[PDB]
Every structure is written in structure tokens, then in C-alpha cells.
């Protein structure tokens, strides 16, 4: 399994080297085209054939980048997802319906996020050693998206109280901080849904959502539908179903 995974990646990495070489040749050829016709030799037929060649190289160069992205998303889904999924699922077994004694226990011995980060670090270390930056970065980006998607799914299965919401806010901010260190990209957009869920899960009372919603939305652009907002409010065990359903969103 590990062999077949790394072979796939190393092969894609060589596709990327070849693709970069095609781009460098295209640039040499663009300069050749200008030089070739610069002194009155070469008519319409040669000029049209050269333009057509260059256009074809632009087109296939775009296709090679798409191939690489497709390869990496398939690798991520086939080989990385099966490893990450259990680590994310572990969140479900950490109570987020907690009193101060448990919250203080969690402050002293972190129950999930720190080990999750260590697991991601080890996993990603295998790739950074063997892949070019462009490939490593793209793969890291896919892993980051996978983490946001799967974390959202396990949160939606979990039960919170107010202090558990506070715990989740710390865990989420820690995770986003780590994933930010491993890339040059901003991951704020990828984590916007989770950040908005953390806001909901930290409300003092159901009706407090109205302070951040609709006309009072102000800065924040909600990525969640009213139905999704109600689904997240419902994760709070202290938030009454009847009250959530009747909320004017």
C-alpha cells in the first residue's frame, strides 16, 4: 500500500518535471517564431503553421496541469483519506458536553487536536521529502480541504454545551494555525464554514444568533443556509428544538 502510494506520487512528480520542460520549450519557440519572421523571410503559410503549433502547446500545457491536479485528488482520496478519516473520527469520542473539571483536564492534557496535528505532520513529512514544491503544495492543499470537509462532518455528529463550544473554538483555532504554517496560501476560505459553526456553538442562547444575522450581519458573510444554521444550533444540547425551529432567519 505505502509503496504503491509513493510510486503514484513520484510518477506524477515526473509528469510535472516534463510539463515544466514543455513550458520552457514553448517559451524558446515563441522567441524563435518572432526571430524567424523578423527579416522578411517566411510567408503566410509558415506564420500560420507556427501560430497553430504555439496555440497547441498552450492548450496541452493547460491539460497537463489539469492532469496533475486530477492525479493528486485521486491519490488524496484513495491513499490519504483512509488514514486521516480515523483521526478525524476520534473527535466524536471526545466529549464536548463538559463541566469545568473536564475542561481543566483538557487544558492539562489535550484530548484530540495536538495528536491530530502530530499525525498530519508525520504523514506530510513522507511527501515533502520526495516531491517538488508545486506538487507537495498542491497535495497539502487537497489534504487541508479534506480535513475541513471531514471535520465538519464529525462536528455535525457531536454534542455540545457552552463550555464544549469554547473547547471546540480553541481546537479549531489550533488546527487552522498549524495548517497555515505548512503552506504559503491562506486557508481562511476553506475553514470559513467551520469558523461560522464555532461562532454558533459559542452562543450564550439561541436567540443570540439574531445579533449576527440578516440586517445585523454587518461584516460577516454567512456561508451557511438558514437550514444549516438550525442544524448547528441543534448540536447544542441546551438549545431547545422548538426555539430553534421558530427562530426567524
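Residue numbers count along the first chain shown, from 1.
As recorded in the PDB entry, 208-216 is the stretch of 180-188 and 208-216 with the greater mean C-alpha temperature factor.
Checked against the record, the higher mean CA B factor of 125-133 and 112-120 lies with 125-133. The residue among 35, 193, 65, 49 whose C-alpha carries the highest B-factor in the deposited model is 35. The top Cα temperature factor in the record, among 31, 69, 61, 202, falls on 31. The entry lists a Cα temperature factor for residue 144 that places it in the lowest third of the chain's modelled residues. Among the modelled residues of its chain, residue 101 has a C-alpha B-factor that falls in the highest third according to the deposited record. The entry lists a Cα temperature factor for residue 94 that places it in the middle third of the chain's modelled residues. Ranked by C-alpha B-factor against the other modelled residues of its chain, residue 231 falls in the lowest third. Split the chain's modelled residues into thirds by C-alpha temperature factor. Residue 163 is in the middle one.
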